[PDB]
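*Asks:* Below are the structure tokens for one structure; questions will follow.
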Number of protein chains: 2
Amino acid sequence: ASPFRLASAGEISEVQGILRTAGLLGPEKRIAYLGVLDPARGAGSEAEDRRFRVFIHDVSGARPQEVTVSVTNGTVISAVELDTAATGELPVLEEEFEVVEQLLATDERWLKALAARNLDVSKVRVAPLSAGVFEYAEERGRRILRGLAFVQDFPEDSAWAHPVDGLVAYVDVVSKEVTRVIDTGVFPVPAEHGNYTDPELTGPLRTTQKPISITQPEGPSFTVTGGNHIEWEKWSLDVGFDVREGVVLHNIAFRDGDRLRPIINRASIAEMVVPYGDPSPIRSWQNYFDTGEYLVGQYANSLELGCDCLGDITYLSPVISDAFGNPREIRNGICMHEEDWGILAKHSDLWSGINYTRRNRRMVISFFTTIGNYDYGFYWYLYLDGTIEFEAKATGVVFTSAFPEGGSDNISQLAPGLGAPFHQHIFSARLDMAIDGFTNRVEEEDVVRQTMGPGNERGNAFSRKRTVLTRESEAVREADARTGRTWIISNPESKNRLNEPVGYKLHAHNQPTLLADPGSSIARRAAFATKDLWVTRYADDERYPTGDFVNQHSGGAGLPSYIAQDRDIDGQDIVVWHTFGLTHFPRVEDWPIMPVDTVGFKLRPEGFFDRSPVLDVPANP
Amino acid sequence: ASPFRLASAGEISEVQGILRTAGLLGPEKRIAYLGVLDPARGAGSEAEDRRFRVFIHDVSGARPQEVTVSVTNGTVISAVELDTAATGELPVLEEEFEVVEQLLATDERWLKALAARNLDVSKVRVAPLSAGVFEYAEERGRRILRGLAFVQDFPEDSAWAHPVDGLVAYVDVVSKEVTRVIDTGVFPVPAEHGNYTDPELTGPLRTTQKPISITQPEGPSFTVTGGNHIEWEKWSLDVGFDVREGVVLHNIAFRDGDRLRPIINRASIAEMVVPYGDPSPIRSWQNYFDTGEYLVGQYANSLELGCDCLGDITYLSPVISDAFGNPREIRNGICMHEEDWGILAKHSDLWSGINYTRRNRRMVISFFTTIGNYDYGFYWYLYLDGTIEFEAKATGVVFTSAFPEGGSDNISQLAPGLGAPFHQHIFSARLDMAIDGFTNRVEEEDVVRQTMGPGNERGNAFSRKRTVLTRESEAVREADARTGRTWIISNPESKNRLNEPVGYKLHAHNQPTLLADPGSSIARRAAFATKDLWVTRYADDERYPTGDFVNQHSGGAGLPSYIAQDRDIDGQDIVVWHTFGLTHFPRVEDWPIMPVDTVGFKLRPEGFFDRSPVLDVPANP
Ligand SMILES: [Cu+2]
Ligand SMILES: [Cu+2]
Ligand code: NA
Ligand code: NA
């Protein structure tokens, strides 16, 4: 069967068994990451070796281990002890989140700070947040979470409406010690509630919305075979799932007549970073890498039919490992369906008398994740005409603070006394390209303005220019919306019928990239987010733009170290890393629950096909 | 009844009668433009005076006239003779398009050019195109069209596949004279056909697409009263139609509790320009202003249910005048429906245990127009959360040329010997703002990066800055995607509950603007297209960014002359003019019929509301 098939409960139980038998999974051990490894480049002699990569944490303080396991042969391949003070800590465990509030509740410094605010400790929730790397030398080599407090007036109250500003604590979650409690002063706790299901806030619900029924009376046009292989309207792909990256698309290819033509070997969101722009000591450390530090797949929602996914939905229910190696199913974690997408092509020709209209549609593959106050949707779209699009949907409840009485240059006021610090949500798409095969190159395409003069006497001409990126050292590129800058991924050895190299064009949204000072800690750890486009030469171990162990790593790992190798990328197996993000200055309308905002990118064919690939679409029924 | 109601067949017949009785519409006269005038600013003492503006052409060569007519009182208000050599020619008449091919067919120079190419004149179609203003002094004061030739091998053949390059003719359509025929040389006529309904090209049609049924079992959630007044999900607006601008939105307002709050007084696409970037003498003159020169509303398609508009559709059938003053109905010219739009807001809260999901939807108002080879869709979207969005969809058949044998820097090759010149499609949105009333101002908002240092020791802070545009002379603005530049329209005298001015934010796509040399003819006539944003003080006669008479006008009219008045726009009745466009380097995939590409803009509330306006949306049925 397919080596790209989803992990099954049996494979995960068998990994647990192999590890136990090898002496690697005793009672002090916890699995912080488990995922299948992709087949090797040809080296994997077809056959089949289902290999799994495991990060094992030790709750007694011993060194963690990276282990690779073969479940086909039931053996441990390698087990390396990690020096986390050098190469970074493991991802946060779910059980460590719950520990922060409990420890703080019995710490004299925390209780004193709460008493000075006349707050009941049984009503104070603590958001446990990743720690980053700053000036505290005692944290190097230690698993640290930081806590910010919110008041919950009653169990169904939205705590985010009641931030306790001026207060932050740092917690060692392995030795279970409170290392620091910082109290810069008392701020009023905002009193208005933010309960968006309370009739007192919502008013009477609308009665004016009539139903929209979307049905497919003959079922959907896509087929699913082998659990996760999709065929739809000439597209072919495998839908993977990884506890860290979430949904991963493999082997995206398009059937152009008789031949299956590869386009993208692997597509994923390989990292995301959420940096905050509030210089207050209470929050100036606040950054999370939701993918690399928390593992966004682990927090995927079960998606409800008619609510989260409307229409004729096919579901995938991926299996991940819990902290002890037992399989855990995310029921209805992935939604797949096709959607009408308006007009595809249209022309009414006067001379021929032919009127022609065809409708477009797209395949949708999506999942949603929730981490704390944030909710992120990840949407991959495939269109009839060969376009591939990614869209992130950001929603949830904004992270709050007090609003200072004299105003602020870095915080929005949402309600009396209630602030929302400025922040970004930045994503890194990793696109292991395979445009008609693995010999690919990237060109930067700019519009070129021409001057009125000889050969252009009316001053109307304009053109474009393409610059080939030949080595990694020249392949760190910035957007330029004003010159219409795009990037083309082409195959110099595969030509269309016009004898031009086949290609795909990447259209970015040209949003601002990382705003932090280039000397900041976050600029070093999130270096990928400072540029719009990176191209690297493929390597099996270069998976994430931040490195493998993002939690509490000092920085520089990942992309800036990969590109220092200065490898040849001109007609080679290459990987495109695209940074794109939202800059969020929260508005009153984002409160008390925020409407979705979106960002993404798209790839459109650029002389990939010999003519329009949608000539054979029939007239609408 | 509403003074914003659509013109009726009776009103148009009555305009015809008034003009006839006044001696203004005899047999030598033709109506080149007819449209209702909007109610005056308060000055219109409610009551009702339905006034119509008429451009009357004279086919005997006498001077044309601008006439304003009151159909309520059955009188002519004013009739002015136009000096078209000074102020521009009238819009092209449909009957003048048909004249170009007929005249050329009996001209010895044209027949000689066709004979030298072994072409049969009965198979040569001539695209009649607007002329612009260049070096030919004989054209000043004359109605000129230029013709480019295409070969049609048989009546149902797509002529666009067979351009006759090296040949162009100029025609005086009033005296019916061929002024010039230019033959720069013989080019092979591309032989491959481009017939996208021919089974030989399409192959067997797909059988894999299963139906998508979109129904509203209880009917739609919007109501239509008075012919064209829409109420939908707290939105209120009137849908107008103008033969020049096409669909016009009036009185866009949102019901926020008890009060109806204005947002936009009038929204339209007030001009569009399609400049070509090929420096060949055969085409370097090629620019059209489809709105101002051709009148895009006049060429609106009748939209077929299930093909052009899918779902539960409500139709409007606008009435326009033909060239003699008879009413002509565009049946099913406007489609209106609501569409599901995925998730609106979502949060699963761990501390409260509440899981919350709400679905979004949008109201869609659209029309399609066809001029020659081009087909343009105009889409206005209203969303539950207060967002307003415009989207243009460009499709049709690309305008073609020969592909030169040595290559070209300004033309794409689509097929053997077949070129497609580079061009842009640029739109001007005119937004007569009324944010909570008519005292509005515009601010330019830029992201501000901050340096690591005192008060920002971790180097994470970032902020933003808003610059008020106080006079027209400072209100010609350029995009800056890198600093996240947007524009806020606010009402300094209307505050939200946080005592901040209410506002709306304009989010542009930041595509390139007009690429032509600033000294070119098109840069002067399409000056609006050289900048992303203009703000003017409202005036009843400042309707179009190019002026009233765009056909063969020398330039400088419209926006650059309006803003020279340097009026106060700080808390005044203002109008926002946003330029946005597509730069089209045609691809092989655009041939032989092109998939839709899109561009547009959106406005999102920015502290307009006191909290999220969609708290009262119910859970999905
Ligand atoms: Cu945000
Ligand atoms: Cu185009
Ligand atoms: Na690759
Ligand atoms: Na206004």
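Ordering of the structure tokens sets the chain letters (A, B, ...), residue numbers begin anew at 1 in every chain, and ligands are numbered from 1 in the order given.
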Find the residues near ligand 1. Use a cut-off of 10 Å, count only C-alpha atoms and all ligand atoms, and write them as a PyMOL selection string.

*Replies:* chain A and resi 274-276+373-375+394-399+420-425+582-586+590+594+596-597

*Asks:* Keeping N, CA, C and O atoms for every residue in the selection just given, could you write it to a file as an mmCIF file, in the first residue's frame?

*Replies:*
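Now in part08.cif:
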```
data_model
loop_
_atom_site.group_PDB
_atom_site.id
_atom_site.type_symbol
_atom_site.label_atom_id
_atom_site.label_comp_id
_atom_site.auth_asym_id
_atom_site.auth_seq_id
_atom_site.Cartn_x
_atom_site.Cartn_y
_atom_site.Cartn_z
ATOM 1 N N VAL A 274 4.151 34.328 16.339
ATOM 2 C CA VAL A 274 3.209 35.364 16.760
ATOM 3 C C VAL A 274 3.978 36.273 17.704
ATOM 4 O O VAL A 274 4.074 35.984 18.904
ATOM 5 N N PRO A 275 4.618 37.314 17.188
ATOM 6 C CA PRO A 275 5.359 38.245 18.039
ATOM 7 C C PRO A 275 4.504 39.430 18.458
ATOM 8 O O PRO A 275 3.718 39.963 17.674
ATOM 9 N N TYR A 276 4.670 39.842 19.711
ATOM 10 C CA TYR A 276 3.937 40.969 20.271
ATOM 11 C C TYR A 276 4.807 42.217 20.301
ATOM 12 O O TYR A 276 6.027 42.149 20.478
ATOM 13 N N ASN A 373 -6.176 31.434 23.543
ATOM 14 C CA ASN A 373 -7.210 32.357 23.082
ATOM 15 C C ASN A 373 -7.341 32.349 21.563
ATOM 16 O O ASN A 373 -8.304 32.886 21.022
ATOM 17 N N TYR A 374 -6.360 31.768 20.880
ATOM 18 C CA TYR A 374 -6.299 31.851 19.419
ATOM 19 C C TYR A 374 -6.896 30.647 18.724
ATOM 20 O O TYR A 374 -6.775 29.496 19.141
ATOM 21 N N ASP A 375 -7.542 30.917 17.583
ATOM 22 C CA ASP A 375 -8.075 29.846 16.767
ATOM 23 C C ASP A 375 -7.639 30.118 15.337
ATOM 24 O O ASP A 375 -7.880 31.202 14.806
ATOM 25 N N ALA A 394 -7.588 33.660 10.777
ATOM 26 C CA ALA A 394 -7.263 33.935 12.169
ATOM 27 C C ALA A 394 -8.518 34.409 12.888
ATOM 28 O O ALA A 394 -9.182 35.340 12.430
ATOM 29 N N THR A 395 -8.850 33.769 14.004
ATOM 30 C CA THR A 395 -10.009 34.225 14.779
ATOM 31 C C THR A 395 -9.723 33.875 16.241
ATOM 32 O O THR A 395 -8.561 33.728 16.630
ATOM 33 N N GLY A 396 -10.767 33.784 17.051
ATOM 34 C CA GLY A 396 -10.596 33.557 18.484
ATOM 35 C C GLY A 396 -10.886 34.808 19.291
ATOM 36 O O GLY A 396 -11.679 35.654 18.882
ATOM 37 N N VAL A 397 -10.248 34.933 20.446
ATOM 38 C CA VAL A 397 -10.368 36.101 21.315
ATOM 39 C C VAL A 397 -9.006 36.774 21.329
ATOM 40 O O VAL A 397 -7.975 36.093 21.426
ATOM 41 N N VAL A 398 -8.983 38.099 21.223
ATOM 42 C CA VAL A 398 -7.702 38.792 21.213
ATOM 43 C C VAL A 398 -7.047 38.651 22.579
ATOM 44 O O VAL A 398 -7.723 38.648 23.617
ATOM 45 N N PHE A 399 -5.726 38.545 22.587
ATOM 46 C CA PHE A 399 -4.993 38.594 23.847
ATOM 47 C C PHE A 399 -5.031 40.010 24.415
ATOM 48 O O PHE A 399 -4.759 40.986 23.705
ATOM 49 N N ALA A 420 -5.554 45.768 23.902
ATOM 50 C CA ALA A 420 -5.128 44.618 23.120
ATOM 51 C C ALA A 420 -3.807 44.984 22.463
ATOM 52 O O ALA A 420 -3.781 45.826 21.557
ATOM 53 N N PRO A 421 -2.697 44.403 22.915
ATOM 54 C CA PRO A 421 -1.385 44.726 22.338
ATOM 55 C C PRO A 421 -1.293 44.398 20.849
ATOM 56 O O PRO A 421 -1.830 43.393 20.379
ATOM 57 N N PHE A 422 -0.572 45.249 20.125
ATOM 58 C CA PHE A 422 -0.279 45.011 18.709
ATOM 59 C C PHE A 422 0.581 43.753 18.553
ATOM 60 O O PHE A 422 1.460 43.479 19.361
ATOM 61 N N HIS A 423 0.373 43.016 17.465
ATOM 62 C CA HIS A 423 1.114 41.769 17.274
ATOM 63 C C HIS A 423 1.050 41.401 15.798
ATOM 64 O O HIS A 423 0.318 42.011 15.026
ATOM 65 N N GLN A 424 1.824 40.388 15.421
ATOM 66 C CA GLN A 424 1.725 39.818 14.082
ATOM 67 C C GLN A 424 1.402 38.333 14.199
ATOM 68 O O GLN A 424 1.619 37.709 15.249
ATOM 69 N N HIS A 425 0.880 37.758 13.113
ATOM 70 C CA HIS A 425 0.739 36.303 12.996
ATOM 71 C C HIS A 425 1.431 35.958 11.682
ATOM 72 O O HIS A 425 0.895 36.268 10.614
ATOM 73 N N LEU A 582 -0.029 38.350 8.943
ATOM 74 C CA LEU A 582 -0.990 39.391 9.252
ATOM 75 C C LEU A 582 -0.381 40.295 10.315
ATOM 76 O O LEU A 582 0.188 39.804 11.299
ATOM 77 N N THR A 583 -0.487 41.603 10.117
ATOM 78 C CA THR A 583 -0.150 42.562 11.161
ATOM 79 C C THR A 583 -1.461 43.045 11.776
ATOM 80 O O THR A 583 -2.289 43.650 11.086
ATOM 81 N N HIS A 584 -1.654 42.744 13.065
ATOM 82 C CA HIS A 584 -2.940 42.914 13.729
ATOM 83 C C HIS A 584 -2.870 44.098 14.699
ATOM 84 O O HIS A 584 -2.275 43.999 15.783
ATOM 85 N N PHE A 585 -3.475 45.214 14.304
ATOM 86 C CA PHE A 585 -3.748 46.298 15.235
ATOM 87 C C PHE A 585 -5.198 46.107 15.633
ATOM 88 O O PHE A 585 -6.096 46.402 14.832
ATOM 89 N N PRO A 586 -5.498 45.568 16.807
ATOM 90 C CA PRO A 586 -6.880 45.158 17.051
ATOM 91 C C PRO A 586 -7.842 46.345 17.035
ATOM 92 O O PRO A 586 -7.492 47.481 17.371
ATOM 93 N N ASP A 590 -13.075 43.714 16.905
ATOM 94 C CA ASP A 590 -12.508 42.408 17.205
ATOM 95 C C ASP A 590 -12.968 41.880 18.559
ATOM 96 O O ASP A 590 -12.612 40.759 18.921
ATOM 97 N N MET A 594 -13.495 37.577 17.741
ATOM 98 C CA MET A 594 -13.113 38.415 16.604
ATOM 99 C C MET A 594 -13.546 37.785 15.280
ATOM 100 O O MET A 594 -13.465 36.559 15.102
ATOM 101 N N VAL A 596 -13.193 36.634 11.472
ATOM 102 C CA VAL A 596 -12.049 36.062 10.776
ATOM 103 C C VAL A 596 -11.337 37.118 9.934
ATOM 104 O O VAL A 596 -11.965 37.933 9.242
ATOM 105 N N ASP A 597 -10.011 37.097 9.974
ATOM 106 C CA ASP A 597 -9.207 37.799 8.987
ATOM 107 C C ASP A 597 -8.307 36.776 8.297
ATOM 108 O O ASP A 597 -8.084 35.683 8.814
#
```

*Asks:* Mind checking DSSP for region 510-605 of chain A and telling me the helix (DSSP H, G or I) residues as a PyMOL selection string?

*Replies:* chain A and resi 521-525+527-530+559-563+588-590

*Asks:* For residue 576 (chain B), please output as a PyMOL selection string all residues within 7 Å (counting only C-alpha atoms; exclusion window: fewer than 2 positions along the same chain).

*Replies:* chain B and resi 430-433+534-536+574+578

*Asks:* Compile the contact shell of region 86-101 of chain B as JSON, numbers by chain: residues with an atom at most 7 Å away, counting only C-alpha atoms, same-chain residues fewer than 5 positions apart removed.

*Replies:* {"B": [32, 125, 126, 128, 143, 147, 171, 173, 292, 293, 294, 549, 550, 551, 552, 553]}

*Asks:* Deliver the residues from the most recent selection as a file, using N, CA and C atoms, as a tab-separated table (two decimals), in the first residue's frame.

*Replies:*
```
chain	number	residue	atom	x	y	z
B	32	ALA	N	-26.42	59.49	-27.64
B	32	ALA	CA	-25.18	58.79	-27.32
B	32	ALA	C	-25.05	58.45	-25.84
B	125	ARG	N	-12.58	40.36	-40.67
B	125	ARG	CA	-13.31	41.14	-39.69
B	125	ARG	C	-12.41	42.28	-39.21
B	126	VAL	N	-13.02	43.41	-38.87
B	126	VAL	CA	-12.26	44.57	-38.44
B	126	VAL	C	-12.73	44.92	-37.03
B	128	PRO	N	-13.28	47.47	-34.46
B	128	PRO	CA	-13.31	48.93	-34.44
B	128	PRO	C	-13.02	49.45	-33.04
B	143	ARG	N	-14.80	62.51	-35.45
B	143	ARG	CA	-15.07	61.24	-34.78
B	143	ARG	C	-14.33	60.13	-35.52
B	147	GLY	N	-9.13	50.63	-36.99
B	147	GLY	CA	-9.49	49.24	-37.25
B	147	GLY	C	-8.27	48.34	-37.33
B	171	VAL	N	-10.62	55.65	-39.67
B	171	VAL	CA	-11.88	55.88	-40.36
B	171	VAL	C	-12.61	57.04	-39.69
B	173	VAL	N	-16.08	58.23	-39.07
B	173	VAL	CA	-17.37	57.55	-39.11
B	173	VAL	C	-18.55	58.48	-39.34
B	292	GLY	N	-15.88	55.28	-20.15
B	292	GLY	CA	-16.10	56.62	-20.65
B	292	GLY	C	-16.26	56.69	-22.15
B	293	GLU	N	-15.57	55.83	-22.89
B	293	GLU	CA	-15.67	55.87	-24.35
B	293	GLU	C	-16.76	54.96	-24.91
B	294	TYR	N	-16.93	53.75	-24.35
B	294	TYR	CA	-17.89	52.80	-24.91
B	294	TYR	C	-19.20	52.70	-24.14
B	549	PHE	N	-16.34	63.78	-21.27
B	549	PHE	CA	-16.22	63.42	-22.68
B	549	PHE	C	-14.82	62.90	-22.89
B	550	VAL	N	-14.65	61.59	-22.70
B	550	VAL	CA	-13.31	61.00	-22.73
B	550	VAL	C	-12.84	60.73	-24.15
B	551	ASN	N	-13.76	60.34	-25.03
B	551	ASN	CA	-13.44	60.04	-26.43
B	551	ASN	C	-12.66	61.17	-27.08
B	552	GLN	N	-11.41	60.89	-27.44
B	552	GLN	CA	-10.58	61.82	-28.21
B	552	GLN	C	-10.39	63.15	-27.49
B	553	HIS	N	-10.25	63.11	-26.17
B	553	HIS	CA	-9.89	64.29	-25.41
B	553	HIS	C	-8.38	64.31	-25.17
```

*Asks:* Please check which protein, DNA or RNA residues sit within 8 Å of ligand 3, counting only C-alpha atoms and all ligand atoms, and write them as JSON, numbers by chain.

*Replies:* {"A": [264, 265, 431, 432, 433, 434, 438, 439, 440, 537, 538, 572, 573, 574, 575]}

*Asks:* Using only C-alpha atoms, find the one residue out of A:497, A:525, A:482, A:602 that sits nearest to chain B.

*Replies:*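 Ranked by minimum distance to chain B, first place goes to A:482.
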
*Asks:* Give me every strand (DSSP E) residue in region 40-94 of chain B, going by DSSP on the backbone, as a ChimeraX atom specification.

*Replies:* /B:51-58,65-70,75-81

*Asks:* Show me, as a list in words, the residues that have an atom within 10 Å of residue 190 (chain A) when counting only C-alpha atoms, minus same-chain residues fewer than 2 positions from it.

*Replies:* residues 151, 160, 161, 162, 163, 164, 165, 187, 188, 192, 193, 401, 402, 403, 415, 416, 417, 418 and 419 of chain A
